[PDB]
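>>> An experimental structure, sequence included, is below.
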Amino acid sequence: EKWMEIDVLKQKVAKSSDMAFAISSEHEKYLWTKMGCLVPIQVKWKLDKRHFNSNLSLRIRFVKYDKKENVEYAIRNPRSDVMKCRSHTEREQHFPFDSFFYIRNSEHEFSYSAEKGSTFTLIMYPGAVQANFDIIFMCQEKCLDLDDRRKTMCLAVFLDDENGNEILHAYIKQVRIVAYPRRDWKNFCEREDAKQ
Ligand SMILES: [Zn+2]
């Protein structure tokens, strides 16, 4: 009927020193990347009958969650944004300066608002079934307070109809912004594959 997926552009990510992507044994998606690096994202979807000719928009959020507040709740909670640290905020030269992340090389027109949480909204057109763009993180795990460092950061996207109703969603279950993405990615893969 209808589905949506978010993934990194594998071709480029495949052997990059700056980022790495993997799937868990449970098929959830994991991304590790350095801050200040362009991560190539591709959002794809298939729509049902009633939306075939709909004008749609795509919302992009970057939130945190833990065992106490699950992913489905967190991604739609306007108060769950991952917060940029003080020093990266004031040192920021991309507007809005306090956003943890930015969208570049977007094939689609986009706008930004923090009203209901830091969100980039891609304006699309009837018939669009994919959205390509780079996302770049301007703060990192190392910057956060121990309690926040323990929470999981999540990149979530929502496909909305003309009336603003979410009709599909997808996310990268865990995103980590670290110094050596290949170290963490490798440890993750070995631990997963060890699982008989
Ligand atoms: Zn920072």
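Cool, the structure landed. Residues are numbered from 1 along each chain as shown.
>>> List the contacts of the spatially closest residue to residue 46 that is not a sequence neighbour.
When the adjacent residues along the chain are set aside, residue 46 lies closest to residue 3, with 5.4 Å between them (Cβ to Cβ, 6 or more residues apart in numbering). Bear in mind the C-beta positions are built from the backbone N, C-alpha and C, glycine included. By Cβ atoms under 8 Å, 6 or more residues apart in numbering, the residues touching residue 3 are 45, 46, 168.
>>> The second one - how many residues pack around it?
For residue 46, the neighbour count with other Cβ atoms under 10 Å is 11.
>>> That one and residue 128: what is the separation?
Going from residue 46 to residue 128 by Cβ to Cβ, to the nearest Å gives 12 Å.
>>> what does the first one give?
Look at residue 45 and residue 128: by Cβ to Cβ, they are 9 Å apart.
>>> Which one's more surrounded, the two?
Neighbour count, other Cβ under 10 Å: between residue 45 and residue 128, residue 45 has more, with 22 against 19.
>>> Let me know the secondary structure of that one.
strand (DSSP: H, G, I helix; E, B strand; the rest coil).
>>> Where do the helices of this structure begin and end?
10-13, 71-74, 86-90, 146-149, 181-194 (DSSP state H).
>>> how about the CA coordinates for the first one, as PDB?
What it means is helix 10-13. The C-alpha coordinates for helix 10-13 follow below in PDB (Å, rounded to 0.1, in the frame of the first residue of the first chain):
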ATOM      1  CA  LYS A  10      25.500   3.900   0.200                       C
ATOM      2  CA  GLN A  11      27.700   4.400  -2.800                       C
ATOM      3  CA  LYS A  12      29.500   7.300  -1.100                       C
ATOM      4  CA  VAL A  13      29.200   6.200   2.500                       C
END
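>>> Phi and psi next, for the closest residue to residue 99 other than its chain neighbours.
Counting by Cβ to Cβ, 6+ apart, residue 99 lies nearest to residue 118, which is 5.3 Å off, once chain neighbours are set aside. Torsion angles at residue 118 (phi, psi; degrees, to the nearest 10) stand at phi -50, psi 110.
>>> Use 29 as the first number from now on
OK, 29 is where the count begins now, so the last one is residue 146.
>>> now residue 146: how far from residue 108?
Taken as Cβ to Cβ, the span from residue 146 to residue 108 is 10 Å.
>>> How about residue 159?
22 Å.
>>> hey, what's the residue nearest the centre of the chain bridged with?
Centroid-nearest residue in the chain, with Cα atoms, centre = their mean: residue 183, separated by 2.3 Å. Here residue 183 sits in beta bridges with residue 90, residue 200, going by DSSP bridges.
>>> Identify the residues contacting it.
34, 59, 69, 88, 89, 90, 163, 199, 200, 203.
>>> gap between the closest residue to the first one other than its chain neighbours and the ion?
It stands for residue 34. If the residues on either side of it in the chain are set aside, residue 34 comes closest to residue 198, at 4.4 Å by Cβ to Cβ, 6+ apart. Between residue 198 and the ion the computed distance is 26 Å (Cβ to the ion, to the nearest Å).
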